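Visitor: Structure in structure tokens, see below.
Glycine gets a Cβ as well: all are built from the backbone with ideal geometry, and neighbour counts include every protein chain shown. Every number in this text was worked out from the coordinates using simple rules, so none of it is lab data.
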């Protein structure tokens, strides 16, 4: 009988770990006192690596696993997997796409609403007792019927737009080209123009932006003193120095951010600003989404060793 041997690079939740350990002989590199010793011992045996978007899989690690067949990634991104090393060797790669899309879009829209309607401060207002002792919470700003732009209209951006339509917003978007699935929303070529004409701008860029889609000083300034920036996609696509200065100056009205450079050790200055909603990178943070991601990782591994097609490959066998 066989329990295929796999190398796991970082921890997973128990609901994935248990069935992984039941089906496979799992070597936990992240629990090893000595990396080289474990690789010497089991490297030859490793037929698959189970990793995470963050951790990836280096060339040296791949070289230490000469009989490697598959690297399965928990998460959407797989930047840190050495693809050239994989393609040289006929190693296939899978990820876990699609299962997080709706929850990410939900949090983005929720964040816009929370910042615009001052929900954080309003909770504190009632909880602290200032509602009774002082009076009314200050009037906040309407969302419905106003103008929203979506920067990047892929899976996530599309789902955001669908949610915004239920609020009767005037929706525009920018991307590399118009999308066939956006017949009722206005395509805009560049991020500056997009920002100029909207009250709320969602950054939902799945990859490293092209120049005209990067969120720098010009885009931020065009978004304007009563505009709001909502970011639920990678930190690298926003100039944080430009963002902080604009928020401080009043050149940008407000921001709601779920992702930050160097997170969780995000720039302390974001804490000092009165117009910033902070979230701890949990746009995909639901029980259902995380279970689905883990299930997909496991289903790819199961399919591979069974001789069945991979569910969600990102690299073919070359």
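Visitor: If each residue of separation counts as 0.36 nm, what is the full-extension length gain between residue 193 and residue 59 once their alpha-carbon separation is subtracted?
Guide: Working: separation 134, 0.36 × 134 = 48.24 nm, distance 4.23 nm.
Between residue 193 and residue 59, full extension yields an extra 44.0 nm.
Visitor: Full extension from residue 137 to residue 1: what is 0.36 nm times the residue separation minus their Cα-Cα distance, to one decimal in nm?
Guide: Working: separation 136, 0.36 × 136 = 48.96 nm, distance 6.75 nm.
In short, 42.2 nm is gained.
Visitor: If the elastic network links every pair of Cα atoms under 10 Å, which of 22, 105, 85 fluctuates the most in the Gaussian network model of the chain?
Guide: Fluctuation is largest for 22.
Visitor: Any idea what diffusion coefficient region 101-286 gets from Stokes-Einstein, in µm²/s, Kirkwood Rh on alpha carbon pairs, 25 °C, 0.890 mPa s?
Guide: On the way: Rh = 16.6 Å.
My calculation gives 148 µm²/s for D.
Visitor: Report, in whole Å, the centroid distance computed from the Cα atoms of region 1-61 and region 174-199.
Guide: 43
Visitor: Using packing as a proxy for protection, rank 255-265, 48-58 so that the peptide with the highest average count of other Cβ atoms within 10 Å comes first. It would help to have the intermediate numbers written out before the result.
Guide: Working: 255-265: 16.9, 48-58: 20.7.
Most protected by this proxy first, the peptides run 48-58, 255-265.
Visitor: Hey, with R₀ at 41 Å, roughly what FRET efficiency would residue 146 and residue 316 work out to, going by the Cβ-Cβ distance, to 0.05? Mind dumping the intermediate values first?
Guide: On the way: r = 45 Å, r/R0 = 1.10.
Efficiency, from the Cβ-Cβ distance: 0.35.
Visitor: Still on this structure: For the chain, take the longest principal axis of its alpha carbons; what is the angle in degrees between that and the long axis of helix 14-23, to the nearest 10 within 0 to 90?
Guide: 20
Visitor: So how tilted is helix 240-249 from the main axis of the chain? Cα-based, degrees 0 to 90, rounded to 10.
Guide: Value to nearest ten degrees: 20.
Visitor: Measure off 7 Å from each Cα along the Cα-to-Cβ vector at residue 162 and residue 267, then give the distance between these two points in nanometres to one decimal.
Guide: Roughly 3.4 nm, to one decimal.
Visitor: While we're on this one: Sketch the reach of a paramagnetic label on residue 130 as a point 7 Å from Cα along Cα-to-Cβ, and name the residues of region 265-295 whose backbone nitrogen lies under 18 Å away.
Guide: 271-278
Visitor: For residue 30 and residue 217, what does the FRET efficiency come to when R0 = 35 Å and r is the distance between their Cβ atoms, rounded to the nearest 0.05? The partial results should precede the final answer.
Guide: Numbers: r = 41 Å, r/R0 = 1.16.
After rounding, the FRET efficiency stands at 0.30.
Visitor: Roughly what % antiparallel, to the nearest 5, for the DSSP beta bridges in the chain?
Guide: Values: 2 of 42 bridges.
Roughly 5 percent of the beta bridges in the chain run antiparallel, per DSSP.
Visitor: In degrees, nearest 10, range 0 to 90: what is the angle between the Cα axis of helix 287-306 and the longest Cα principal axis of the chain?
Guide: For 287-306 against the chain, the angle is about 30 degrees.
Visitor: Contour minus end-to-end for residue 67 and residue 245, with contour as 0.36 nm per residue of separation and end-to-end as the Cα-Cα distance? Walk me through the intermediate numbers first.
Guide: On the way: separation 178, 0.36 × 178 = 64.08 nm, distance 5.17 nm.
Result for the pair: 58.9 nm of gain on full extension.
Visitor: With each run of n ≥ 4 DSSP H residues scored as -39500 (n - 2.57), what mean residue ellipticity at 222 nm is computed for the chain after dividing by its residue count and rounding to the nearest 500 deg cm²/dmol? Don't skip to the end; give the middle numbers.
Guide: Values: 13 runs with 118 residues, N = 318.
One gets -10500 deg cm²/dmol as the mean residue ellipticity at 222 nm.
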